[PDB]
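Engineer: in their complex positions, the first chains:
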Amino acid sequence: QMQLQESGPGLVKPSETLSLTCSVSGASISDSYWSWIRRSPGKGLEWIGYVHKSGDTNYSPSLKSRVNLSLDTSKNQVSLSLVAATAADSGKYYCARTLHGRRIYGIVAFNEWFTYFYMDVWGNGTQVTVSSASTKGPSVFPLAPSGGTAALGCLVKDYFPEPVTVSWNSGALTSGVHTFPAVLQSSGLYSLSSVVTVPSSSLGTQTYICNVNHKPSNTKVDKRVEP
């Protein structure tokens, strides 16, 4: 079987070149065609292009002006280069071994046939987020809440990098506390929510304060949350 893995050197800021590598194992790149695919949240699963040693190589009309696919025989790697990257180029990129066949529906001499390409081996894909994100402290907002239970929380918004810590009432309140993993936003900044489930009847008696700490920017915020 063959294995493929898509990877970047790292972080892509707007108006920088996106450089991706597809490491191939268990086979040589010279025996096959190769394709790059991507899934941008703004759009669907799109074919970027394919490459081959013979010079049989084509790119998507929408990306042809910015993309370069290359073959590195020495390193057995398939390369993707995308100039002038923006948030619109964010998403997940796939490398795949591409096969081909001929759909012959008439006489070959009459050009009554065409070549089709299909991908039988895909990589897991790598995520690419284009941004100028740098060290930034979080903004903290209260998430306000008859009978039954109630969910009150704190929205820790737009920080970088990970991670942040959250407690309630300086650790006096740990029951029903659920801190969710942060989302990586198109801005390149992170956001997470910490919600504590409490009895509605308690809304008057007890006082609720979330304690947020973000080391990278030396930020400490205590946000009181009420209804």
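Structural biologist: In hand now; what should we look at? Numbers count the residues shown, from 1 in each chain, chains lettered A, B, ... in the order given.
Engineer: helix or strand right after the helix or strand hosting residue A:92?
Structural biologist: Take DSSP states H and E as the rule and residue A:92 turns out to sit in strand A:91-104. If you walk from strand A:91-104 toward the C-terminus, the next helix or strand you reach (DSSP H and E) is strand A:113-122.
Engineer: now do that following strand and strand A:91-104, the angle between them.
Structural biologist: Orientation check (axes from the mean of the first three to the mean of the last three Cα atoms, to 10 degrees): strand A:113-122 against strand A:91-104 gives 140 degrees.
Engineer: and the next element down the chain from strand A:113-122?
Structural biologist: Past strand A:113-122, further along toward the C-terminus, the next helix or strand under DSSP H and E is strand A:126-128.
Engineer: for that next one, packing partners?
Structural biologist: In this structure, strand A:126-128 packs against strand A:18-25, strand A:91-104, with contacts taken as 3 or more Cβ pairs under 8 Å, 6 or more residues apart in numbering; DSSP states H and E. (Each C-beta comes from the backbone N, C-alpha and C, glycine too.)
Engineer: need the three-state assignment for the nearest residue to residue A:183 once chain neighbours are set aside.
Structural biologist: Ranked by Cβ to Cβ, 6 or more residues apart in numbering and with sequence neighbours excluded, the top spatial neighbour of residue A:183 is residue A:191, at 5.5 Å. Recorded secondary structure, residue A:191: strand (DSSP: H, G, I helix; E, B strand; the rest coil).
Engineer: residue A:191: how many residues sit nearby?
Structural biologist: 18 (other Cβ atoms under 10 Å).
Engineer: tell me which strands the strand holding residue A:92 pairs with, and in which orientation.
Structural biologist: Each strand that strand A:91-104 pairs with, and the sense of that pairing, follows from DSSP bridges: strand A:33-39 (antiparallel), strand A:113-122 (antiparallel), strand A:126-128 (antiparallel).
Engineer: highest mean neighbour count out of the ones you listed?
Structural biologist: With neighbours defined as mean count of other Cβ atoms under 10 Å, the strands paired with strand A:91-104 peak in mean count at strand A:33-39, which reaches a mean of 23.
Engineer: following sequence is chain B, place it on the structure:
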Amino acid sequence: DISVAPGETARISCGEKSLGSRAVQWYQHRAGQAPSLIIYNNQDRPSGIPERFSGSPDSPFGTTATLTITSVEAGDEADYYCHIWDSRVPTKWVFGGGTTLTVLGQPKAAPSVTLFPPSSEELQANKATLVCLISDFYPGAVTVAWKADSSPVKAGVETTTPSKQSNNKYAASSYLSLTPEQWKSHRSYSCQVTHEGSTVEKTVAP
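Structural biologist: Putting chain B together with the chains above:
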């Protein structure tokens, strides 16, 4: 999007009506997994793919590419895309379809959903965020859809991958970045969480 009971047969159509001779490929995409080739050249099957999966012939002209999966089983629960090659249509650079197949016979736990509106504090900062917190679901696969009033919203949506909770169920959160104007103008916003064929909805109004 379709839901099928184990043993029953699934039918997924993809792409436009056919104009010339075709070579249709079908691809399977499970959550957080590499896609796979299930069908190529309309009906042909790569090694490993069982005869349960079958494709439609490229005749007659005007047909729609249909993928049939008989006697469905849990493993066949995934997104199904087709890549159509038509002798009379220009080469396609975006894969078609995207239909999700849910299999119904599985052990599971429905998600709990809490939706928060933007805080008055954030609004004073001229920004707005809807927070949809999803917890206690199993298996760990959900799809989140947002509704501004009655119309779907694609822009502004950020959704985390499911993460394992301490009680071995799953959690996830979806955020809708929104301008205060968008927030006030609309009658309401909805977070729609679909899990194993069933959707749970929460709505907040400014």
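Engineer: since we added chain B, can you redo the neighbour count of residue A:191?
Structural biologist: 25 (other Cβ atoms under 10 Å in any protein chain shown).
Engineer: who's in contact with it?
Structural biologist: Going by Cβ atoms under 8 Å, 6 or more residues apart in numbering or on different chains, residue A:191 touches A:138, A:155, A:156, A:157, A:158, A:159, A:182, A:183, A:185, B:129, B:158, B:175.
Engineer: pick out the most distant pair among these.
Structural biologist: Between any two of the contacts of residue A:191, the greatest separation by Cβ to Cβ is 15.5 Å, found for A:138 and B:158.
Engineer: these two: which has the busier surroundings?
Structural biologist: Per other Cβ under 10 Å, whichever of residue A:138 and residue B:158 has more neighbours is residue A:138, with 25 against 20.
Engineer: what about the closest residue to that one other than its chain neighbours, which SS state?
Structural biologist: By the measure of Cβ to Cβ, 6 or more residues apart in numbering or on different chains, the closest residue to residue A:138 outside its immediate chain neighbours is residue A:159, 3.6 Å from it. Of the three states, residue A:159 takes strand under three-state DSSP.
Engineer: measure residue B:150 to chain A for me?
Structural biologist: 22 Å (Cβ to the nearest Cβ, to the nearest Å).
Engineer: with residue B:190 instead?
Structural biologist: Between residue B:190 and chain A the computed distance is 17 Å (Cβ to the nearest Cβ).
Engineer: are we agreed that that residue is in a strand?
Structural biologist: Yes - Residue B:190 forms part of a strand when assessed by three-state DSSP.
Engineer: wait, it touches residue B:202, no?
Structural biologist: Yes - because the distance of 6.7 Å satisfies Cβ atoms under 8 Å, residue B:190 is recorded as touching residue B:202.
Engineer: need the overlap of contacts for these two.
Structural biologist: residue B:115.
Engineer: residues near residue 80, how many?
Structural biologist: No chain was given, so I picked chain A. Based on other Cβ under 10 Å, the number of other residues close to residue A:80 is 23.
Engineer: not quite, I wanted chain B
Structural biologist: Using other Cβ under 10 Å as the criterion, residue B:80 is surrounded by 23 other residues.
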